Amino acid sequence: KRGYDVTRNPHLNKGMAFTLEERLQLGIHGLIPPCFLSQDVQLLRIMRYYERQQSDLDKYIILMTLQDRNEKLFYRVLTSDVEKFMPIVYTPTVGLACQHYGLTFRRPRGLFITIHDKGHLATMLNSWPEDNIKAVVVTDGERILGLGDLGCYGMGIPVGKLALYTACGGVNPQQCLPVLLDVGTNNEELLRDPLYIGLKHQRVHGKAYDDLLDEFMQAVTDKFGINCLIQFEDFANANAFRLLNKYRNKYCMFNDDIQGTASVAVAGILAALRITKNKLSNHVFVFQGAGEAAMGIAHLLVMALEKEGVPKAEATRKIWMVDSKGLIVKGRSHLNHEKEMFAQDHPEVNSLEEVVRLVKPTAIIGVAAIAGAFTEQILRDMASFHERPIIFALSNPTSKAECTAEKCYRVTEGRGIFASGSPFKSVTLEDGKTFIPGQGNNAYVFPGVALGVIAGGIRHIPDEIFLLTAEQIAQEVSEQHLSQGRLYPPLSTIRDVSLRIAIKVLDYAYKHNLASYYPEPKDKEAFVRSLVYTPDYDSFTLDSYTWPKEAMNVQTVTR
Amino acid sequence: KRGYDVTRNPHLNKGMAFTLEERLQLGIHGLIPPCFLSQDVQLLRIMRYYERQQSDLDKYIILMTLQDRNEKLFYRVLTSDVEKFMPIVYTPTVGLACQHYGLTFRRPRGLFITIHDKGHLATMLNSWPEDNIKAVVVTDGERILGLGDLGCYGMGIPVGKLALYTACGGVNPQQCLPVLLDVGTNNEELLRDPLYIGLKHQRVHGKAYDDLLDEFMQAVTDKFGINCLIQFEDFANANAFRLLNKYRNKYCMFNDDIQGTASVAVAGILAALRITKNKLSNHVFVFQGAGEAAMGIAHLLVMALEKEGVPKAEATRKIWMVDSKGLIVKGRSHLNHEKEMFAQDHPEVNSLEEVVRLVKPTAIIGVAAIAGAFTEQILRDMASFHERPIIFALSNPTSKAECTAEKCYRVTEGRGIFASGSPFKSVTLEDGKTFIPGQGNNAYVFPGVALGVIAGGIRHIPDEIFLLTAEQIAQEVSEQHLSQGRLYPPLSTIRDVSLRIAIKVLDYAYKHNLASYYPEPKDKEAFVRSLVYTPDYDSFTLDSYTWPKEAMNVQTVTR
Amino acid sequence: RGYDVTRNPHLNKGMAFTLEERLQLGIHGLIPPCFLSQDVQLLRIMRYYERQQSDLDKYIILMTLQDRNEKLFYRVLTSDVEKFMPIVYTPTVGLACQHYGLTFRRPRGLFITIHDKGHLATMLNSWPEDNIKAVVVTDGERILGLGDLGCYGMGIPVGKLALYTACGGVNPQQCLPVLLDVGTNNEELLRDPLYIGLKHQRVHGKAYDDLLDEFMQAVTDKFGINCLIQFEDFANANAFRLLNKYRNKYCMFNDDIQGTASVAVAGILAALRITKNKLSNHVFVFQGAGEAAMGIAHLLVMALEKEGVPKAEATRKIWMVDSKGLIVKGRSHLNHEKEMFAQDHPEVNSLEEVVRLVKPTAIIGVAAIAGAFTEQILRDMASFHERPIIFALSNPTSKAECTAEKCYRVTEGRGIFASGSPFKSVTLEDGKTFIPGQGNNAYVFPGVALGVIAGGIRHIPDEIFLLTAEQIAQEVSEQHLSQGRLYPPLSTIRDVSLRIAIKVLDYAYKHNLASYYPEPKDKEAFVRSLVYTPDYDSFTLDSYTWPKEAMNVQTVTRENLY
Ligand SMILES: NC(=O)c1ccc[n+]([C@@H]2O[C@H](COP(=O)([O-])OP(=O)(O)OC[C@H]3O[C@@H](n4cnc5c(N)ncnc54)[C@H](OP(=O)(O)O)[C@@H]3O)[C@@H](O)[C@H]2O)c1
Ligand SMILES: NC(=O)c1ccc[n+]([C@@H]2O[C@H](COP(=O)([O-])OP(=O)(O)OC[C@H]3O[C@@H](n4cnc5c(N)ncnc54)[C@H](OP(=O)(O)O)[C@@H]3O)[C@@H](O)[C@H]2O)c1
Ligand SMILES: NC(=O)c1ccc[n+]([C@@H]2O[C@H](COP(=O)([O-])OP(=O)(O)OC[C@H]3O[C@@H](n4cnc5c(N)ncnc54)[C@H](OP(=O)(O)O)[C@@H]3O)[C@@H](O)[C@H]2O)c1
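Residues numbered from 1 in each chain as written, not as in the entry; some residues may be left out. Chains lettered and ligands numbered in written order. Part of a larger assembly, values for the part shown. Heavy atoms only, no water. Residues with missing side-chain atoms left out of burial classes, pairs and counts.

- What the entry reports as its method is X-ray crystallography, with 2.49 Å given for the resolution.

- As recorded in the PDB entry, chain C goes by NADP-dependent malic enzyme, mitochondrial and comes from Homo sapiens.
- According to the record, the entry carries the title "Crystal Structure of Human Mitochondrial NADP+ Malic Enzyme 3 with NADP bound".
- Recorded in UniProt for chain C, the comment headed Function (literature references left out) runs: "Catalyzes the oxidative decarboxylation of (S)-malate to pyruvate using NADP(+) as a cofactor. Can also reverse the decarboxylation reaction, but only with significantly lower efficiency."
- Chain C has a UniProt comment under Subcellular location that states "Mitochondrion matrix". (UniProt positions renumbered as here; feature names shortened; annotations may be inferred.)

- Per the PDB entry, chain A goes by the name NADP-dependent malic enzyme, mitochondrial and belongs to Homo sapiens.
- The UniProt entry for chain A carries the following text under Function (literature references left out): "Catalyzes the oxidative decarboxylation of (S)-malate to pyruvate using NADP(+) as a cofactor. Can also reverse the decarboxylation reaction, but only with significantly lower efficiency."
- Per UniProt, chain A carries the Sequence similarities text "Belongs to the malic enzymes family."

1. What to know about the packing of helix α2 (residues 39-51) of chain B against helix α3 (residues 56-69) of chain B
Residue and element names in this part refer to chain B.
Then step 1. Where α2 meets α3, the axes come as close as 9 Å, and the angle between the chain directions of the two elements is 150 degrees. Comparing their axes, α3 and α2 come out roughly antiparallel. For the pair α2 and α3, the sense of crossing is right-handed. Residue-level contacts link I46, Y50 and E51 of α2 to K59, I62, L63, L66 and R69 of α3.
Then step 2. Residues of the contact of α2 with α3, tallied by class, amount to five nonpolar, no polar and three charged. (Axes fitted to C-alpha atoms, helices over the stretch in contact; angles between N-to-C directions. Helix = DSSP H or I, 4+ residues; strand = E, 2+ residues; numbered from the N terminus. Parallel < 35°, antiparallel > 145°, perpendicular 65-115°, else oblique. Left-handed = near helix turned anticlockwise from the far one by under 90°. Contact = heavy atoms within 4.5 Å. Nonpolar A, V, L, I, M, F, W, Y, C, P; charged D, E, K, R; others polar.)

2. Comments concerning the sheet that holds strand β15 (residues 437-438) of chain C
Residues and elements named next belong to chain C.
Then step 1. Here seven strands make up an open sheet; going across it, the order is β9-β8-β7-β10-β11-β12-β15 and the pairing mixed. Looking along the sheet, the strands with just one partner apiece sit at the ends: β9 (325-326) and β15.
Then step 2. Strand direction decides the pairing type here: strand β10 (residues 362-365) and strand β11 (residues 389-392), joined by four bridges, are parallel. Paired with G365 across the strands is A392, a residue of β11.
Then step 3. Along the sheet, helix α13 (residues 291-307) makes contact with β7 (284-287) and β8 (318-322), crossing β8 at roughly 175 degrees. (Pairing = 2+ DSSP bridges.)

3. Description of the site of ligand 2
Residue and element names in this part refer to chain B.
Then step 1. Residues in contact with ligand 2 amount to 24 residues; listed here are only the nearest, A293, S324, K339, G440 and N442.
Then step 2. Separating an oxygen atom of ligand 2 from a backbone N or O atom of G291 is a distance of 3.2 Å.
Then step 3. For ligand 2, an oxygen atom lies 3.0 Å from a polar atom in the backbone of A293.
Then step 4. Here ligand 2 has 940 Å² of accessible area as a free molecule, and 76% of this is covered by the chains. (Near = heavy atom within 4 Å. Polar contact = N/O pair within 3.5 Å; in protein donor to acceptor, adjacent residues only side chain to side chain. Areas by Shrake-Rupley, 256 points an atom, 1.4 Å probe, with all protein chains shown as cover.)

4. Regarding the packing of aromatic side chains
Then step 1. Across all of its chains, the model carries 51 aromatic pairs over all chains by this definition.
Then step 2. Ring centres of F418 of chain B and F424 of chain B lie 6.1 Å apart, and the angle between their planes is 65 degrees; on these two criteria the pair is classed as edge-to-face.
Then step 3. Residue classification places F418 of chain B among the buried residues on the basis of a relative accessible area of 0%.
Then step 4. The class of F424 of chain B is buried, set by a relative accessible area of 19%.
Then step 5. Here the aromatic residues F232, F235, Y247 and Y251 of chain A are joined through ring pairs into a cluster of three or more.
Then step 6. Sitting above the plane of the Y49 of chain B ring, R52 of chain B keeps its charged end 3.8 Å from the centroid.
Then step 7. In this arrangement the basic side chain of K161 of chain B is found over the ring face of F446 of chain B, its NZ or CZ atom lying 3.8 Å from the centre. (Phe/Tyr/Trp six-rings, centres within 6.5 Å; stacked < 30°, edge-to-face > 60°. Buried < 20%, exposed > 50% of the residue type's maximum accessible area, 1.4 Å probe, protein only. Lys NZ or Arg CZ within 6 Å of the ring centre and 35° of its normal.)

5. Details of the UniProt feature "binding site: NAD(+)" in chain C
Residue and element names in this part refer to chain C.
Then step 1. As recorded in UniProt, the feature "binding site: NAD(+)" lies at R142, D256 and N395. For this annotated set, covering 254 residues, all C-alpha atoms fall within 12.7 Å of each other, a compact arrangement in space.
Then step 2. Within the element layout of this structure, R142 appears in the loop between β3 (134-138) and α8 (155-168).
Then step 3. In contact with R142, not counting residues within four places along its chain, are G147, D233, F234 and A235.
Then step 4. Position of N395 relative to the elements: it lies in the loop between β11 and α18 (404-410).
Then step 5. Residue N395 is classed as partly exposed on the basis of its relative accessible area of 27%.

As structure tokens, then:
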């Protein structure tokens, strides 16, 4: 683009980083103050107004205003300290910010598609001004991680999710499109809220809902190609699994709340095997919770056990799940399709504490959002059954964790191998022993998986890709970090980890003939590197050249 | 315009006030949340976030963000209570906001032209995306009313000034262009400020400066027409008068700090004549100060005295001016071109207090920014020389006023006729007498003058136009308001007052053959009304029609 | 910028785009790999032009050239304005559209129909140019020499506007041709399957007048009250009524009435330099009493009054003959403007008898009757006065009152001749040679348009047409007059038009009709700077740097921040 419109284009606007030469060539000289700053100075300037804010919500506001006007500077900020800003642009801040302030974007960020637009979605896609779309993150806003049904305010979550695609993975932000599907909201606070900007009726459900999702997938892939990545985020439990089984083999589709969760949890389990010095086959798993996360983790664990050599039926029997009505056993009431797959041949047990005592698991995984469920008795039991028990308190936020890092290290007398979903500072026990517990962040998974899928036009995303991604993450951890109790690589290395994930995934796709991109690159690393988006400003070079003087003399006819 | 770009166009974007029908016709459906609000609801929504701000500066920030995205809603806010928002978008807030925060506009608002762009101004005008420009407000930022040399940060002042053109006058905002001329700054705080975004050298002066202003006037009128209104704002004293005498007869040009100040001050004097029941010829004026304001007021007073019948030389001798070195008398040192015009035949007098006693003025006008200069002795002297003395404490801000309204009413025992430049709440003396002092706001003048000039293509703005504007303002005051000590009409009536000013001015121009617009309208009020900009959203009607059925049958050829 | 410049005829230079301009505009690869001068382009197109051997075929090639490269189109036209004026305008344009319809492959103007009433402002927005300063409008009812061509009449404003630019230097991009289609009365068009206009008869009455009223209002609302609107080829009654209704309300004139009058009077004033007598010593007989006659006669009275003759005495010098005979007081079949020139005289039915009684010093044929200037009429003139004036203005050549040869032969070399149609040089049997001039309207309207547009003259009073006539009459050299030439050479039309623009501009500021300000001190330097040239424009980017030290202080990095 040229002229005034370039300053309103978030992908090309440099603000005062436009050189005088660039302003003149673009025909915008005089629209910008008479000062010429480097990007590094722009970073310093914006960071001063960043620290003056008294809340995380206000810092999210500042960053959204910056993303509105200068996308290159926005990702300069995010990548300068990814671990610091990830909790601001995404969870847990984005949900709290949208729940309190609504949507604060002053430039349209994506598409709002309602159930009442059924039959006209193709036309609505045409309102988005980018034609080269390769990744779509979509939500209906029914299960925002930690806050529930936010309805139309849930648009902030795909916006924040995609920011991490780019900041942590190097996915081209211009090829990304966040979509909000508004079928209504069941949040009584929103339906009586006079400032609510979504559909003020209860959620449409049943086939009429599925019809809209069907048209959405068809419309997106009709306009952008069947290779378009479509990631589902923050869908309720029943819809999440149904939609995944329906589309995962027909479209380029995955659900991060199920599959990304599974891979990073399995990654922590594999890293802990390097400490326990046993095989995955030697383990017995008890799940505190039996929803989206627990089902995803359990299914990927079985897939990993199968690769070690354990047949599927045998591997399934190593998994015990406790839901809100007790242990899931054959013949219990209140079971469903997913739950019957893991129903053990056992009498009814009501309490998690009793299940720990009966089955004596080598690892317990908490994904039920019940605070303190890993009691002192449970931790002490686990530390007496096995030398190095594995304690995953994955529920979010921190106030809903199954236990604290300090309580696990103290009660297990420093032998528990711990990981959480929420960040815990380093623990040092009375005896001097020091532990640095790791956080199982989904951003370890979905940025690199998306980069390799987009890079090679990987047509579908089978669960083998999430398994090999977990194996890759597990081997990122160094021996020193294992010595400290860290089961995950540092977040400051996330762009390197994602790039190595993208190459492994790309290599896997070509070997299974799943990649669409042609021809297959010989140097997969160089290929993926060439697609990584950098916060560095591009240059508006002109590409002027001349012809040989003799050729120009002969080709120019005068009198 | 159509498509995505309409949401980024501040003059067409309605936000959620776009009907579903409008979104579909524009091809933007899905870019806006699924809610359809009236402008009145938008006003309520934005006013809630307005009241939560703890400072005027933060409220200016909120309004600038709104002007960035929705100009119709912005002027809906301003016109809902003009008296309330005028101090926020313009003085005194705008100067304090820009001095502390810099420039906060996230959409280019005008043109920055530097001394180093000399010879290339025509090209720079082409960066502004509006071709139909009819009004330009320009500053070099050397004398920001109340804060001094703000350099490049002075861009906020023309932006705020033009907002009042539209809010108080109905001038079309899309035809308005604010310009900042950066020749440097002499503000030592800015030159050592690492965040300053202007030219970091002292101000260029002399002919090299005038050369740049010469090219600026030529470039603007070459591109937009010689009828383009060019108002100068916040120029230092020497430059202000020199530039005015140079351009006022060659271009459509005026300086509000000199001429708008003069007309509203003379307006207060004329309104006070309705209380004093004497002629302007019966008055003796003493000026506290002898700068831009005092010279402008004095020159217009002489022009008014001349119209009552007093010859120029005699009328001049009714004006006494005191500067920083005492009374201005023939043969004094430290006089200049303007000051010699009012030099009295009198010995040197050092103090204002002594001048009041010697000459016994009927009216004292304070424009020197010296706090408390109208002492208790001066007020008591004035109240003993004349029955109804006129006390104008015009210096800004309130802390620099020559006296308070309460001190004038108390010391003169309720007989002083008072006006100020800063707002004073109503005074009630011990004896029950109640006074509602008026504020001499320049916005009484420049919005209506600009509307009539723009409406009729008035080629030049002679001082007779500012005189008749003052006579119009004076007669706006009702008898009841005079009974209360109010010398100016209420600010809530400013759009009506400006419209009546615009008609009078337009009528004056056609009678003196100064108007360019052709043909002369018979109903001047209807003509000017048709040019008043309203905050009401326009409609994207399609204008579809058909031909007579028989005509279409005959004009359509098939097989 | 981009591919679209090659489709923009105002910017497209074809193979004259240098490599550097092609790369800069982002069009490299769209044009063959050769770079041509405009002079070479001119030579190539001229070769194609001469291989054609129809005037119609030469019109088509020039139109497709105008379709793609406007600067080159006008370089062709200006290289020999006399050669191409007949091809792009009268008489070829009328015959071209009559036979081929509209050959334009790029939209040239606006078609506004009676059925579009109430939406004319919307249709003006279809024209991609916003800065229009001259509009030529027709309804196609009286195409000069051909009659009612209906919607095929669009070719005439397009050809007319090309002469505004070629002879006058008016900016072509600021001009808009308009066809108002209210139907047609041509029975051959109404029955024609290929006809592209409204296939019903011409709407007349209030609905017609209201459409024209809206057109004037819509054009000036969008383009400004100063926008020149010139009416072309309307029928007689509409032409005069519309002229009287708008000439004081808008910037308006009718070239068939006023431009014709201007160039006819110019020829007469030039002829006074041969006859060496005052205009008040003359008696005029008009063959024809219609659009052209009334225009010329009214301007003749004006020039007689300026010479000082009372108006009633001046009007009495004019005798008019229509299709019923002499226009007397007390005849039947006499209209409005006809009573103004009726004479207290017995009825006379033949032009021959009128000439024998009145013994006029000048006869002017504007009736389109071939051979009306009989040998008897010519022989009578030459015996009544030593140098009689014979103006055979009817077009085309076949409908002229007499040929130049016949005038010079029968008048024994003493007749002063001018025609509307171009007659070649005449050499009589005794050896005497004459070079008869053509009273071309292009002598008048390009210079008047240029002066009016340059000054923002709000209205065009007939004094401007009179002073234009006086200017043209002074242009002719003394040598050319000795050879019978009453008009300057058509090759000088651009210079003549510039000089006319200056006088018109001088007149306008003296009587405060010019709205452009500031008034230019030097009227010619002012108009010169507005003449459009066929020179290709430059694509030079305005690039520059700030002084080194000033730029170093304004460039902030992480090292030099504090
Ligand atoms: N990488 C991460 O850190 C990560 C990722 C994803 C999710 N999580 C967290 O995992 C937790 C659950 O996520 P989700 O998506 O699976 O939610 P979900 O779909 O709603 O599933 C919730 C599960 O918890 C069960 N439950 C509720 N109360 C229980 C109780 N007293 N005892 C045992 N089970 C109980 C529920 O039983 P019923 O089936 O009977 O209702 C249900 O099975 C959340 O806190 C989430 O933040 C963490
Ligand atoms: N409608 C309004 O309310 C309105 C409009 C415009 C301005 N004002 C106010 O008027 C005041 C002056 O404005 P301006 O533009 O004229 O500023 P200015 O151009 O700088 O002139 C200041 C004048 O005050 C004189 N002065 C300074 N100290 C003095 C002292 N002790 N005694 C007497 N005179 C003294 C100065 O004398 P020297 O010449 O010797 O330096 C100078 O003549 C400001 O406060 C301004 O806010 C009000
Ligand atoms: N620059 C030029 O050389 C120039 C410019 C313009 C026009 N012309 C030519 O002037 C001629 C007329 O043009 P126009 O616009 O004036 O057309 P017009 O108004 O429609 O008709 C002109 C007159 O011809 C009269 N007429 C018809 N038959 C006649 C006859 N036997 N005897 C005497 N008069 C007769 C008609 O009389 P009625 O009223 O009774 O019907 C009518 O008044 C055309 O040939 C045109 O080409 C030349």
